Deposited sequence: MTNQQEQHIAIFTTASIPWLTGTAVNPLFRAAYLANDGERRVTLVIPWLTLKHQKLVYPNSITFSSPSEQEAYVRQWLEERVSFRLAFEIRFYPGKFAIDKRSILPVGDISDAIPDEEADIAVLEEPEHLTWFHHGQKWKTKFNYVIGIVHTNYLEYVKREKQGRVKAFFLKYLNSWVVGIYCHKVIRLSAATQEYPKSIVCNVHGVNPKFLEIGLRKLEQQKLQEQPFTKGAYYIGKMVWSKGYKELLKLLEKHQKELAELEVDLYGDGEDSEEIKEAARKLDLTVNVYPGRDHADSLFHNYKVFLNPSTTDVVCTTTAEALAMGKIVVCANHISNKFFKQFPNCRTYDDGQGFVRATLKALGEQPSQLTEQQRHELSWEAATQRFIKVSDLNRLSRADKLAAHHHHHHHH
């Protein structure tokens, strides 16, 4: 059995359709009696500078491949055991997105084709039901919610997917309806986050001081990613949140507008460049504030919980999975946000059961995936 996983982004672009399909591949290919190939976009150097930390650019696919293997080997315990292939892509800046150039199916000879996983089937289907036996799409994005919010897809998405995908996994119910679909959060968290939570637990037990008493958000700096709602909440409740310090981390097109809004508040809210969420600078924040209502599943929330933090997030259907965790505090309104945030700053995060830590893991996500995709 051979699984070909086609996605719309690659490390070092720190975005869900880069990070999650990469872990998926790592943990599928460990499952043992199964060959995994991950198929990722190659950008020319001009486009690479747009999405990579231009610290990081590759003059060939082979370099990018060494870099992606290194990055993932640094993060998982085991030796990787899947293959990596590239298709040519082009970053369309107005789509905020990588568009394929060839038939991407081409990356996989006919002679080895078996099962195809399309991360973001909507774009990747702009060959399929006829070149592979079995095609599974995974919906990572709320396409509708992001184009309907630029300073339609809709019915084409339905049939596009339906024509090409035998099964459709929606990461949550904050998505378009789709044919042959199941809701299932088939993502976990980089095991580094769980390791960081076990280290913060051990510090708590040692009474080191695990935590500083401010908050942070991390995510690409576009208004529609939570920033707009966070800044309005902050601005509405400035007076009650006088003691709150908030650090915001990300890159993107709105970073200068967000900065500008931040310095008009009577709160210390600071804006900084994007950075890997697993970096040591994040390790001691006690509270992660996530007000996105446009994510399908907020991988960053999963990551923050794994690290042992308290997450204050919107009481919205995309956060339904996280509500099983006691350190996840949901709010229906501005008052709820403030009360939840003030209580969290004041208190100790609670500790995660072993059953919780497992539920956030890629080992668990893979089992769910294997199960909802009839791959048994």
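Undergrad: Walk along the deposited sequence from position 1 and note every stretch that has no C-alpha coordinates.
TA: Coordinates drop out over 1 to 6, 133 to 137, 163 to 169, 395 to 412.
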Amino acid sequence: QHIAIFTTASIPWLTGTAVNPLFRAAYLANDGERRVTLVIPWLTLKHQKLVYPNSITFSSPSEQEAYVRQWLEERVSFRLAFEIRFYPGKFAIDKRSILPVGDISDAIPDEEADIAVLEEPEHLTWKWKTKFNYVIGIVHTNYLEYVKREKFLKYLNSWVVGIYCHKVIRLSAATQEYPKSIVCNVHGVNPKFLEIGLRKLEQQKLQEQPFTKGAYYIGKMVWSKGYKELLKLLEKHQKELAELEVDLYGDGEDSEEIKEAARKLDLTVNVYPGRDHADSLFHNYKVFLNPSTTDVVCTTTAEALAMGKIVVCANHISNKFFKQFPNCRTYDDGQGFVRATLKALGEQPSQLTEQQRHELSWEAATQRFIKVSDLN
From here on, numbers count along this sequence of modelled residues.
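Undergrad: Regarding 152 to 160 and 216 to 224, which shows the higher C-alpha temperature factor on average in the entry?
TA: Per the PDB record, 152 to 160.
Undergrad: Of 7 to 15 and 352 to 360, which one has the bigger average CA B-factor?
TA: Higher of the two, by average CA B-factor, is 352 to 360.
Undergrad: Which has the highest CA B-factor per the PDB entry: 279, 303, 74, 103?
TA: Highest C-alpha B-factor among the listed options: 103.
Undergrad: Could you tell me which one of 188, 197, 109, 274 shows the highest CA temperature factor in the PDB record?
TA: That would be 109.
Undergrad: Just say lowest, middle or highest third for the CA B-factor of residue 35 relative to the other modelled residues in its chain.
TA: It belongs to the highest third of the chain when residues are ordered by C-alpha B-factor.
Undergrad: Compared with the other modelled residues in the chain, in which third is the CA B-factor of residue 327?
TA: Lowest third.
Undergrad: Lowest, middle or highest third: which one holds residue 85 when the chain's residues are ordered by CA B-factor from the entry?
TA: Middle third - that is where residue 85 ends up once the chain's C-alpha B-factors are sorted.
Undergrad: Based on the deposited C-alpha B factors for this chain, I'd like to know if residue 44 is in the lowest, middle or highest third.
TA: Tercile = middle for this residue's CA B-factor.
Undergrad: Classify residue 247 as lowest, middle or highest third according to the C-alpha B-factor given in the PDB entry, relative to its own chain.
TA: CA B-factor rank for residue 247: lowest third.
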